[PDB]
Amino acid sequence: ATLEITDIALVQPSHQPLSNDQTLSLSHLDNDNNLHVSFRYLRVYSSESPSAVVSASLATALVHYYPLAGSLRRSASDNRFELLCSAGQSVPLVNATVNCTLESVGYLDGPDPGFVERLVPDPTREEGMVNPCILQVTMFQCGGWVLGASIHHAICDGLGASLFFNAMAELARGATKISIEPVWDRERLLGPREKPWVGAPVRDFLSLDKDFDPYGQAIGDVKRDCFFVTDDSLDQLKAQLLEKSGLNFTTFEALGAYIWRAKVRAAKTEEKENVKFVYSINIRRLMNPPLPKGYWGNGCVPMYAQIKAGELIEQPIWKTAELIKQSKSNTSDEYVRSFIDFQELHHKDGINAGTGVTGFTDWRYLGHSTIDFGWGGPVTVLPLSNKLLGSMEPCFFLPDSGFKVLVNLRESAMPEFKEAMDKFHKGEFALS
């Protein structure tokens, strides 16, 4: 089963919004170094044709979201990114065609059949500055298709890319005007204070080292593995944790704790290596003043819980989950402004969180269904980037009743983790 690029149309906006070269600068969250990647993910649709439908809504959306056709480039003074927009810039659209039906591969929900990685362009992050937003429409012989997207993480976070794709989707459904107007103005809203000040909750977590590439660690060839998890086992687990800890845990707390411990123990981490649990959270509604409705840049700070690997692999789950619960306490206006002010002081010092960072990303209850171009919402959605949140092994929560846990793991540790998930799938949680 072989995929085949046919041709690559270069869609400019419908009616040009730019006269001359506007150069937009990016916020101090956009210039995070862990965001100097390209996020690759795809959506699968079942059931006038998808190519022209996507390229039409894209052309019209690019009157408002015109910076997605820009060119990222580093700056003369600071090493920060700035985005170059002009008239004639285009977002490439790849058309592809794989010679099987997608029902034969289970709508790509199960194991990889070989070509999933070619279902969205894979630029190494420097050709991902020239074209920081790339779309692809692969057509299957079934009567069904896939929509891949390679967007540079500095331009937009998850919710920002959601606004853009909801704009394309509604336009394809006959909407007369985009429901929410994009707002840029990122150096105003998310900028550093005049006297930069950083509090303990940020300093206790970040370190400086110009020589540390968080994505360059030699931990081996990393693999992608999905796992189904039922609402039955979660309630089984939340209740046992309740009998012991006297506290009620969210799914993200309790399932995050169990996966963290199973990951660090399977990777045989030294008993006294500092390890970290890291996740993004939206702060748009939390700044004072709150961020505007159409802010589509990065509006998320990373939050952390840290511990020794020895303590993690041996202490009860309900102390680890309690630790993860204590981490979302730090979320505040001062945390974000301290994080921004730390970027202003040490952006060229190589900010990082260290080794043994495991990233967790909850995507279950994004509005995936409303990304509808006329073939229904996506049957399945899949992220491919294993470089995320300063981590090389990021874990995704994805949409007989439960959700899909996607983990990225070093090949050396996948066998024991597959086992630790089967014990979960059997209620043998070994809480201590």
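One-based numbering along the sequence shown.
Participant: Is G356 without coordinates in at least a third of the other compared PDB entries of this protein that model the residues flanking it?
Facilitator: No: coordinates for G356 present in every compared entry.
Participant: At a threshold of one third of the other compared entries, does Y279 come out as unmodelled?
Facilitator: In all of the other entries, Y279 has coordinates.
Participant: Between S47 and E48, how many residues of the deposited sequence have no coordinates in this entry: none, 1 to 3, 4 to 9, or 10 or more?
Facilitator: Gap between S47 and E48: 4 to 9 residues without coordinates.
Participant: Unmodelled stretch from the deposited sequence between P399 and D400, which bin: none, 1 to 3, 4 to 9, 10 or more?
Facilitator: 10 or more residues are missing.
Participant: Do the CA atoms of 75-83 or those of 233-241 have the higher mean B-factor in the entry?
Facilitator: The stretch with the larger average C-alpha B-factor is 75-83.
Participant: When the Cα temperature factors in the entry are averaged, is it 85-93 or 339-347 that ends up higher?
Facilitator: Higher of the two, by average CA B-factor, is 85-93.
Participant: For the listed residues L147, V301, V98, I317, which one has the largest C-alpha B-factor as given in the deposited model?
Facilitator: Of the options given, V98 has the highest CA B-factor in the PDB entry.
Participant: Between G356, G310, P113, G199, which one tops the list for Cα B-factor in this entry?
Facilitator: Result of the comparison over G356, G310, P113, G199: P113.
Participant: Determine, from the deposited record, the chain-internal third of the Cα B-factor for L10: lowest, middle or highest.
Facilitator: For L10, the deposited C-alpha B-factor lands in the highest third.
Participant: In terms of the chain's CA B-factor thirds, is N408 lowest, middle or highest?
Facilitator: As the PDB entry reports it, the C-alpha B-factor of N408 lands in the lowest third of its chain.
Participant: Looking at the temperature factor on the CA atom of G297, which third of the chain's modelled residues does it land in?
Facilitator: Within its chain, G297 is a middle-third residue by C-alpha B-factor, going by the deposited values.
Participant: Comparing against every modelled residue in the chain, figure out the third that the C-alpha B-factor of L35 lands in (lowest, middle or highest).
Facilitator: As the PDB entry reports it, the C-alpha B-factor of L35 lands in the lowest third of its chain.
Participant: Among the modelled residues of its chain, does the C-alpha B-factor of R43 lie in the lowest, middle or highest third?
Facilitator: Tercile = lowest for this residue's CA B-factor.
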